[PDB]
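In structure tokens, one chain follows: the form deposited in one PDB entry.
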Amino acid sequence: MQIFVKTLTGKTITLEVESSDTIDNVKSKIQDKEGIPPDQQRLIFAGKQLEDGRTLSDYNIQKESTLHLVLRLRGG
């Protein structure tokens, strides 16, 4: 299936995945596309931050779901 990853700068990434896939996996597909190491990636979906152990099923991620890749900022 396809899912979408929207970044905090408005970029849209498309991914080919399976709900059996791990978050670890998804992070590495994101690494392939954007060059961002997995340990720097914050993915959120439907009120939860996705964690390394789990699967796409564990967060209930359907086809054409959008996940958000977000950041923390240093200004203040």
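Note that residue numbering begins at 1 and tracks the sequence as displayed. Note that the rigid core is defined as the largest set of C-alphas that superpose within 1.5 Å between two forms.
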item: 64-72 versus 48-56 - greater average Cα B-factor per the deposited record; value: 48-56
item: Where the record places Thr9 (Cα B-factor, split into thirds across the chain); value: middle
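The same protein also exists as the form deposited in another entry; that form is not shown, yet it is the one meant from here on.
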query	finding
Of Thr9, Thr14, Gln62, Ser20, the one whose Cα moves 2 Å or more between this form and the one not shown after core superposition	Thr9
